[PDB]
Structures are given as structure tokens and as C-alpha cells.
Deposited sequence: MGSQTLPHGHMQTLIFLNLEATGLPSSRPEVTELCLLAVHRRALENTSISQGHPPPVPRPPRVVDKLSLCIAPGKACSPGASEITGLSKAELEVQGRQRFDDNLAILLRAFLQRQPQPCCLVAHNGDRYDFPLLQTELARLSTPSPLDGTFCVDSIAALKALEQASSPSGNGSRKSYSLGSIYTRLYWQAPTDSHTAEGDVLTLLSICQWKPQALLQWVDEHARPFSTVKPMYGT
């Protein structure tokens, strides 16, 4: 019926990095926003046209970190994120190390199981990358026993509530289509995490149902690249 059961926690995830998948990129900034199932069900369903941007739930756990990469950012990436290896290193940020894994483990162990990660284009980007960054380490994966889904597929599925042109599923395109405003704090880890949360809160009940149906273990995601 439901592989793995009803998800008790969604953790909304977004990464910034040195560049794109060709480039064997490294993670520059990470954000996690953990929301319990109830919290999301209790989102208000008060929708005219346009419906207002849903207000985040009161109760939320959040983690936002900047990470020094082992290589420079592409000029392109450093433009759009507002980050650079020079600046992270003059500010004393660390690499993606075992210590960061211990942090992530403890954050996740505070969330009730089962537990699903949620990232826009996460099947192709955030989950492989993270998997690579984590395999490098001496510790055991903090993400073992955790599940994951991609919000593009979620929102594609959900826009079977209505047929014009074939339309974009980029984070921004979706937000604007649904709420008729520009989103904000673009290409900062937390900012896009909050945008993502807003689009998932559009139809909470339907989303959870779909997450429950399509959730798969993080341990099956294959690394973007190796060594």
C-alpha cells in the first residue's frame, strides 16, 4: 500500500555549491528545515485567487550552515549565491568533515521517524551530491534509515488538479504560478528552503499522501561522483 508507512517528519533541504554536476562540485552552504506531519496538516486551507503565501508553522527545527569547499567556485556560482571560497576561509568556515556529520546525525535524531528529505531537483542534484560528500567521511552515514523525495515530481503530480502550454517546474516558476508574486532571498540556502516550504504548503494533505507513496531510502541514492 505504502512502502515504509506514513512519514512523521518532512525535512526540507537545499544546498548551495561550487558549480554544476559536470564540475564535481562541492557544497558551500546547507539548510535543513524539519516539519512534523501534524504541523503541515494544520496549515490553513484559505484560498481565493490568488491564495496568500502560507505562513510557516510555529513549530519548526532549522539548521543553516556555511561550509568551506576544497576548490574555488565558478564565477557563475559565486555570482548567484553571493558566496566564495576566499570569503568562507577568511571567516574560518570548515570543510565538510566528520564533525559536520555528527551535527547532522544529532539534528535528525531529534525528529520522529519515519523521516523523509525533500529537495527541489533532489534526485538529480542535492541527494547525489550529499551522498558523495558523506561517503568521503570516516563516520557512518547520518542519513541511513532516512527516506527522500523530489519536489518537482510532487508538484508535477499535484498540478493534475487542472492544460495550456507545457510549463516550468523551476522553484521560482512554480512559486510565481501558484502565488503570483516573486519569491525572495534567491539562491541562499535558507531562502530557497523557505520558498520550497511555501510551495509544499499549497496543498498539504495531497503532498503528504504523495510523499507517503513515493518516499525511497536515502541509502539507495547513488553518488554524483567518486574518488
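- Gaps between the deposited sequence and the modelled coordinates occur at 1-4, 167-170, listed in sequence order.
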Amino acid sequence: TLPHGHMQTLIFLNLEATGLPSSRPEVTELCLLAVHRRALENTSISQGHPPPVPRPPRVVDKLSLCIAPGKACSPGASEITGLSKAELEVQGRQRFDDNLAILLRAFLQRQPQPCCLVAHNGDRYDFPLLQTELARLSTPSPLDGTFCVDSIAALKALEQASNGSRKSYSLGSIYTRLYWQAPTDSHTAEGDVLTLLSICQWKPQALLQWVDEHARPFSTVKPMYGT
From here on, numbers count along this sequence of modelled residues.
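- The deposited model assigns a higher average Cα B-factor to 41-49 than to the other stretch when 198-206 and 41-49 are compared.
- With 65-73 and 163-171 compared on mean CA B-factor from the PDB entry, the stretch scoring higher is 163-171.
- Between the residues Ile152, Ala106, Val118, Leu137, the entry's highest C-alpha temperature factor is the one at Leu137.
- For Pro112, the recorded CA temperature factor ranks within the middle third of the chain's modelled residues.
- Ranked within its chain, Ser219 lands in the middle third, by CA B factor from the PDB record.
- In this PDB entry, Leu100 carries a Cα temperature factor that places it within the lowest third of its chain's modelled residues.
- Looking at the C-alpha B-factors along this chain, the one for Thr188 belongs to the middle third.
- Split the chain's modelled residues into thirds by C-alpha temperature factor. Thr81 is in the lowest one.
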